[PDB]
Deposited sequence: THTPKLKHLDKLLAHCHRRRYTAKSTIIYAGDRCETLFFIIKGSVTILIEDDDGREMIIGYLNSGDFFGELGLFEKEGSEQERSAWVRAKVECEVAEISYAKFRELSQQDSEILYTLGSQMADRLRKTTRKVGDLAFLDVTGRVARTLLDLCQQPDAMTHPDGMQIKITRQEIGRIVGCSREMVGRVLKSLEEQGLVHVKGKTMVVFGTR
């Protein structure tokens, strides 16, 4: 792409700070310069559930950019310290009209997200929670922010976070993770988990 636009109103969010609130009416779009964010929605009873993560180089807040406008579709919460660049929907359109290559980057990312989100539907329907938990570990293993470990990879995730990803409570995800430990797949630490392999 060519998103080297000087003007971008870059701001900083410390870990766990909420950047976007689902249901908000905002005509603004974001670009992650550094850090990562968590995408969250509410499930059947209003329980918060994690749909996925976005990283440096990803856009977010974009679903409303293509127009009667609509409300934000999810919460965007900084997972680590984030530096983001904010751009109005209107200003971004004038850049896209001047160079559509910024839209192809955006379009490429929604296709990627649609694919993963489509796959999440298949995982929830075809895998049980234990298989659902196992895929999550090997999924975030390969995804960014994982540290290569002497015995495999180290990822930053909690038993509570897996519960919101796979659709399970913390205690039951903890029992699955305890079983997976003697099965030799993982080792749970304070704020991290080490996937062996």
Stretches with no C-alpha atoms in the model, relative to the deposited sequence starting at 1: 1-8, 76-78, 209-210
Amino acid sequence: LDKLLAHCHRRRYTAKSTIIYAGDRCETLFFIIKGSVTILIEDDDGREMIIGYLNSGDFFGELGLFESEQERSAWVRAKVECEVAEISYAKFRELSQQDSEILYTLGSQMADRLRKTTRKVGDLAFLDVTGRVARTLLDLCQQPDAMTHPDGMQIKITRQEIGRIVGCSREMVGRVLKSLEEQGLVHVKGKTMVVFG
From here on, numbers count along this sequence of modelled residues.
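Take the two forms, superpose them, and find the largest set of C-alpha atoms that agree within 1.5 Å; that set is the rigid core.
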Once the rigid core is matched, which of the two stretches, 44-52 or 134-142, lies farther off on average in 4 other deposited structures of this protein by C-alpha? 44-52
Once the rigid core is lined up, would you tell me whether 161-169 or 148-156 has the higher RMS CA deviation in 4 other deposited structures of this protein? 148-156
Could you find out if residue 68 - modelled in this structure - is missing from at least a third of the other PDB entries compared that contain residues on either side? yes
Of 143-151 vs 52-60, the stretch with the larger average CA B-factor in the entry is 143-151
Quick check on the record: does 187-195 or 1-9 carry the larger mean Cα temperature factor? 1-9
Which one of 123, 99, 83, 112 shows the biggest C-alpha B-factor in the PDB entry? 99
In the PDB entry, which of 136, 68, 36, 130 has its C-alpha at the highest B-factor? 68
If you rank the chain by CA B-factor, which third does residue 166 end up in: lowest, middle or highest? lowest
Taking the C-alpha B-factors as the PDB entry records them, is residue 180 in the lowest, middle or highest third of its chain? highest
Based on the entry's values, in what third of the chain does the Cα temperature factor of residue 29 lie: lowest, middle or highest? middle
Once the chain's modelled residues are ordered by C-alpha B factor and cut into thirds, is residue 79 in the lowest, middle or highest one? middle
